Amino acid sequence: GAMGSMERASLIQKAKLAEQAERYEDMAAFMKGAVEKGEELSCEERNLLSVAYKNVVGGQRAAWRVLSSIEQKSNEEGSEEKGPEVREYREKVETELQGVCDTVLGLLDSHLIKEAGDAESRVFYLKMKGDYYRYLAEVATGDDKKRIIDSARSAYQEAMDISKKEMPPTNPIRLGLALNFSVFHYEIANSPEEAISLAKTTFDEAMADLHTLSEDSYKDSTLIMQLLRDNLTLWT
Amino acid sequence: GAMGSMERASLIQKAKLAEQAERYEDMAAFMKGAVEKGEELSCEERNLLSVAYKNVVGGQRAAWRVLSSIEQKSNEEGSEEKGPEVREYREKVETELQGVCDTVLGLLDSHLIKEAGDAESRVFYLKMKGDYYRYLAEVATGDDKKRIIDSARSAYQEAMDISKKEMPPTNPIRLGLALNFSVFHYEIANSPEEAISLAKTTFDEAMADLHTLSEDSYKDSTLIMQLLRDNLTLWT
Amino acid sequence: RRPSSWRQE
Amino acid sequence: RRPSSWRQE
Ligand SMILES: [Ca+2]
Ligand SMILES: [Ca+2]
Ligand SMILES: [Ca+2]
Ligand SMILES: [Ca+2]
Ligand SMILES: [Cl-]
Ligand SMILES: [Cl-]
Ligand SMILES: [Cl-]
Ligand SMILES: [Cl-]
């Protein structure tokens, strides 16, 4: 209802303009409005939704990391007692980030996932669900940390199961899902061996399927394969 | 009153944290709150205010330029008639930008400038006034374009008159004021010869005064002198 | 360093 | 190109 008076097509058009202008908060609000029109999203529209929120939350995560590092240093032995300001401001950014994640998860639950029947859309949305629970997990410290982690795991796992049955090993969504689930294992679940095994198997199975692809699809798939390789090089 | 319940010192501390986190909207809001406490700003605090708003408006200006360019292309002969969306969204960004400029100008008028008696503070604030009227002028097209331009000119001119009487030719505030007034002449007032003359005279008078400076002051002054030279190279 | 995820940026 | 002003960024 924030965007309730604007046409769906105008919201999509403005999301594209906002992307060009690097106005990602606007882009996300336009795409939220488009989702709330109640129609399913096309492939291009799903990518616009993902780009918008990834850039918004990406800035929040980077800021949270800067502030958390300062806060940790302030809590080292020998640090001069500053007041509550670093914690207060880290908490402010954290609450904002959590709100963005909750907004995305809300769109997925009402009602993107339940209407998504094709593999490409359902895997995309379940990957997104895993990603935004993962971002919640990065800042979680309380009673629900374990349940947040399990929610990320469960979403990624359902997406993996579908992708393995319904998509070729080079499919970019499948590859990006596996990349991110492998990061979840390494950074969130304290499972570096699972992370490495998943990245290696994903890379090798994609390599063996490249021969089936056109030049343009080959370019798309090898770009994400390189990210798997980059992580394996960091981790081994 | 947005920040009315937070201590002045806590607002300054959080502005510094926001800068480190690249959260410039937050930084600007913290510094607005600090100004509204009613006390004069120190040199460091004035720089925090300037950095915060320059980064906020800088993003708005860049976005406005992207959208204005798209809008201009859509109004060329042979362009397929798109709807009102590009104009509408350019107008949205423009209104936001104008609001930020009005906020800064409001802080300067209530009551930073009237309380500023030392040359360093008064020149700084009058430069800021010229700058934010200049940003308004960049997007102005109506009945008041000429009056906005004259408001920028008048502020820059008062700042120049004070700076020439009260500051050495290498003073960084004086140099940055002259740099920006020269940009005003070139880009806003359609006076490229005045822009070039001002940049050249400013550069030459600073060169002749470098011998008086310490190594650290020399570094500060020559950095801004290089910007004058860069503009002269672009313009000649 | 932090590991790479997709999409980037 | 657009000319340089101060402060930058
Ligand atoms: Ca409609
Ligand atoms: Ca091992
Ligand atoms: Ca007080
Ligand atoms: Ca001439
Ligand atoms: Cl101490
Ligand atoms: Cl805060
Ligand atoms: Cl046509
Ligand atoms: Cl709009």
# chains A, B, ... in the order shown; residues from 1 in each chain; ligands from 1
>>> interface_residues(of="chain D", to="chain B", cutoff="7 Å", atoms="only C-alpha atoms", output="ChimeraX atom specification")
/D:3-6,9
>>> residues_around(residues="region 162-168 of chain A", least_positions_apart="5", cutoff="8 Å", atoms="only C-alpha atoms", output="list in words")
residues 119, 123, 174 and 209 of chain A
>>> residues_near_ligand(ligand="ligand 2", cutoff="10 Å", atoms="only C-alpha atoms and all ligand atoms", output="number ranges by chain")
A: 192-194, 196-197, 236
>>> residues_around(residues="region 41-44 of chain B", least_positions_apart="3", cutoff="12 Å", atoms="only C-alpha atoms", output="PDB file with C-alpha atoms, in the first residue's frame")
ATOM      1  CA  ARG B   8      25.588  16.401  22.180  1.00  0.00           C
ATOM      2  CA  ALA B   9      28.808  14.477  22.786  1.00  0.00           C
ATOM      3  CA  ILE B  12      29.313  13.695  17.737  1.00  0.00           C
ATOM      4  CA  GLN B  13      30.700  10.294  18.723  1.00  0.00           C
ATOM      5  CA  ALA B  15      28.664  10.800  13.674  1.00  0.00           C
ATOM      6  CA  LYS B  16      32.295   9.649  13.728  1.00  0.00           C
ATOM      7  CA  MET B  31      25.285  16.188  13.065  1.00  0.00           C
ATOM      8  CA  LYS B  32      21.940  17.941  12.504  1.00  0.00           C
ATOM      9  CA  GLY B  33      21.031  16.898  16.030  1.00  0.00           C
ATOM     10  CA  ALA B  34      24.326  18.268  17.331  1.00  0.00           C
ATOM     11  CA  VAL B  35      23.784  21.609  15.584  1.00  0.00           C
ATOM     12  CA  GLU B  36      20.271  21.835  17.024  1.00  0.00           C
ATOM     13  CA  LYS B  37      21.713  21.698  20.528  1.00  0.00           C
ATOM     14  CA  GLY B  38      22.392  25.391  19.934  1.00  0.00           C
ATOM     15  CA  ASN B  47      34.171  19.244   9.103  1.00  0.00           C
ATOM     16  CA  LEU B  48      31.939  16.365  10.270  1.00  0.00           C
ATOM     17  CA  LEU B  49      28.835  18.349   9.312  1.00  0.00           C
ATOM     18  CA  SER B  50      30.287  19.138   5.893  1.00  0.00           C
ATOM     19  CA  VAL B  51      31.466  15.584   5.162  1.00  0.00           C
ATOM     20  CA  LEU B 107      20.844  24.976   9.878  1.00  0.00           C
ATOM     21  CA  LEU B 108      23.076  27.714   8.517  1.00  0.00           C
ATOM     22  CA  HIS B 111      21.634  29.877  13.644  1.00  0.00           C
ATOM     23  CA  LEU B 112      25.137  28.848  12.630  1.00  0.00           C
ATOM     24  CA  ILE B 113      26.079  31.850  10.483  1.00  0.00           C
ATOM     25  CA  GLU B 115      26.857  33.138  15.727  1.00  0.00           C
ATOM     26  CA  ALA B 116      30.055  32.664  13.659  1.00  0.00           C
ATOM     27  CA  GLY B 117      32.487  35.502  14.344  1.00  0.00           C
ATOM     28  CA  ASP B 118      35.903  34.009  13.652  1.00  0.00           C
ATOM     29  CA  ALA B 119      37.054  34.005  10.033  1.00  0.00           C
ATOM     30  CA  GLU B 120      37.524  30.226   9.882  1.00  0.00           C
ATOM     31  CA  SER B 121      33.973  29.492  10.978  1.00  0.00           C
ATOM     32  CA  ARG B 122      32.217  32.309   9.124  1.00  0.00           C
ATOM     33  CA  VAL B 123      34.000  31.582   5.827  1.00  0.00           C
ATOM     34  CA  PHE B 124      33.304  27.852   6.236  1.00  0.00           C
ATOM     35  CA  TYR B 125      29.570  28.406   6.727  1.00  0.00           C
ATOM     36  CA  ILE B 173      39.267  26.778   3.567  1.00  0.00           C
TER      37      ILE B 173
END
>>> atom_distance(atom1="CA of residue 105 (chain A)", atom2="CA of residue 151 (chain A)")
11.1 Å
>>> decode(residues="region 67-106 of chain A", atoms="N, CA and C atoms", output="tab-separated table (two decimals), in the first residue's frame")
chain	number	residue	atom	x	y	z
A	67	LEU	N	31.11	-1.70	12.77
A	67	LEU	CA	30.73	-1.32	14.12
A	67	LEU	C	30.98	-2.45	15.11
A	68	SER	N	30.71	-3.69	14.72
A	68	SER	CA	30.99	-4.82	15.61
A	68	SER	C	32.48	-4.91	15.92
A	69	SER	N	33.33	-4.66	14.93
A	69	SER	CA	34.77	-4.71	15.15
A	69	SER	C	35.20	-3.64	16.14
A	70	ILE	N	34.68	-2.43	15.99
A	70	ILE	CA	34.99	-1.36	16.93
A	70	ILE	C	34.52	-1.73	18.33
A	71	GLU	N	33.33	-2.33	18.42
A	71	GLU	CA	32.77	-2.69	19.71
A	71	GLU	C	33.61	-3.76	20.38
A	72	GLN	N	34.05	-4.75	19.60
A	72	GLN	CA	34.91	-5.80	20.14
A	72	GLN	C	36.22	-5.22	20.67
A	73	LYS	N	36.83	-4.31	19.91
A	73	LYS	CA	38.07	-3.68	20.37
A	73	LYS	C	37.84	-2.89	21.65
A	74	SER	N	36.68	-2.25	21.78
A	74	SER	CA	36.38	-1.50	23.00
A	74	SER	C	36.20	-2.41	24.20
A	75	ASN	N	35.95	-3.70	23.99
A	75	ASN	CA	35.77	-4.66	25.07
A	75	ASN	C	37.01	-5.52	25.30
A	76	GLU	N	38.17	-5.09	24.83
A	76	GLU	CA	39.43	-5.76	25.11
A	76	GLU	C	40.06	-5.18	26.36
A	77	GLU	N	40.78	-6.03	27.09
A	77	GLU	CA	41.48	-5.58	28.29
A	77	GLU	C	42.48	-4.49	27.92
A	78	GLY	N	42.45	-3.39	28.68
A	78	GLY	CA	43.29	-2.24	28.41
A	78	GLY	C	42.61	-1.15	27.61
A	79	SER	N	41.39	-1.39	27.13
A	79	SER	CA	40.66	-0.40	26.36
A	79	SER	C	40.02	0.61	27.30
A	80	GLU	N	40.15	1.89	26.96
A	80	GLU	CA	39.55	2.93	27.77
A	80	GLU	C	38.03	2.82	27.69
A	81	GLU	N	37.38	2.86	28.85
A	81	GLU	CA	35.93	2.72	28.91
A	81	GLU	C	35.24	3.86	28.17
A	82	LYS	N	34.82	3.61	26.94
A	82	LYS	CA	33.88	4.52	26.31
A	82	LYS	C	32.48	4.23	26.84
A	83	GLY	N	31.56	5.12	26.52
A	83	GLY	CA	30.20	4.97	26.99
A	83	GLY	C	29.46	3.92	26.19
A	84	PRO	N	28.13	4.00	26.21
A	84	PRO	CA	27.30	3.02	25.51
A	84	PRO	C	27.15	3.26	24.02
A	85	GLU	N	27.84	4.25	23.44
A	85	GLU	CA	27.47	4.73	22.12
A	85	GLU	C	27.76	3.71	21.02
A	86	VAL	N	28.90	3.01	21.08
A	86	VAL	CA	29.24	2.05	20.02
A	86	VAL	C	28.23	0.91	20.01
A	87	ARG	N	27.94	0.36	21.19
A	87	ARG	CA	26.93	-0.69	21.29
A	87	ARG	C	25.57	-0.19	20.82
A	88	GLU	N	25.16	1.01	21.27
A	88	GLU	CA	23.87	1.55	20.88
A	88	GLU	C	23.76	1.65	19.38
A	89	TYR	N	24.80	2.17	18.73
A	89	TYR	CA	24.72	2.39	17.29
A	89	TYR	C	24.82	1.08	16.52
A	90	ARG	N	25.65	0.14	16.98
A	90	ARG	CA	25.66	-1.19	16.39
A	90	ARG	C	24.28	-1.82	16.49
A	91	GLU	N	23.62	-1.68	17.64
A	91	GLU	CA	22.27	-2.19	17.82
A	91	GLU	C	21.29	-1.53	16.85
A	92	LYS	N	21.45	-0.23	16.60
A	92	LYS	CA	20.55	0.47	15.68
A	92	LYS	C	20.68	-0.11	14.29
A	93	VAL	N	21.90	-0.21	13.80
A	93	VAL	CA	22.14	-0.79	12.48
A	93	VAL	C	21.64	-2.23	12.43
A	94	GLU	N	21.90	-3.00	13.50
A	94	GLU	CA	21.48	-4.39	13.54
A	94	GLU	C	19.96	-4.51	13.42
A	95	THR	N	19.24	-3.65	14.13
A	95	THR	CA	17.79	-3.69	14.09
A	95	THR	C	17.28	-3.35	12.69
A	96	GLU	N	17.91	-2.37	12.04
A	96	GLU	CA	17.54	-2.01	10.68
A	96	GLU	C	17.76	-3.20	9.74
A	97	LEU	N	18.93	-3.83	9.85
A	97	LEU	CA	19.24	-5.00	9.03
A	97	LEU	C	18.23	-6.11	9.24
A	98	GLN	N	17.92	-6.40	10.51
A	98	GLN	CA	16.93	-7.43	10.81
A	98	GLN	C	15.59	-7.08	10.19
A	99	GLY	N	15.24	-5.79	10.18
A	99	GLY	CA	13.98	-5.38	9.58
A	99	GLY	C	13.94	-5.63	8.09
A	100	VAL	N	15.05	-5.37	7.39
A	100	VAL	CA	15.13	-5.66	5.97
A	100	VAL	C	15.00	-7.16	5.73
A	101	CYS	N	15.71	-7.97	6.52
A	101	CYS	CA	15.59	-9.42	6.34
A	101	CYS	C	14.17	-9.90	6.58
A	102	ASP	N	13.53	-9.39	7.63
A	102	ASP	CA	12.16	-9.76	7.92
A	102	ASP	C	11.22	-9.35	6.79
A	103	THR	N	11.48	-8.20	6.17
A	103	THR	CA	10.65	-7.75	5.05
A	103	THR	C	10.76	-8.73	3.88
A	104	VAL	N	11.99	-9.10	3.52
A	104	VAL	CA	12.18	-10.06	2.42
A	104	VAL	C	11.53	-11.39	2.76
A	105	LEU	N	11.81	-11.92	3.96
A	105	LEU	CA	11.21	-13.19	4.35
A	105	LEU	C	9.70	-13.11	4.32
A	106	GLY	N	9.15	-11.94	4.66
A	106	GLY	CA	7.72	-11.76	4.61
A	106	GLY	C	7.16	-11.84	3.20
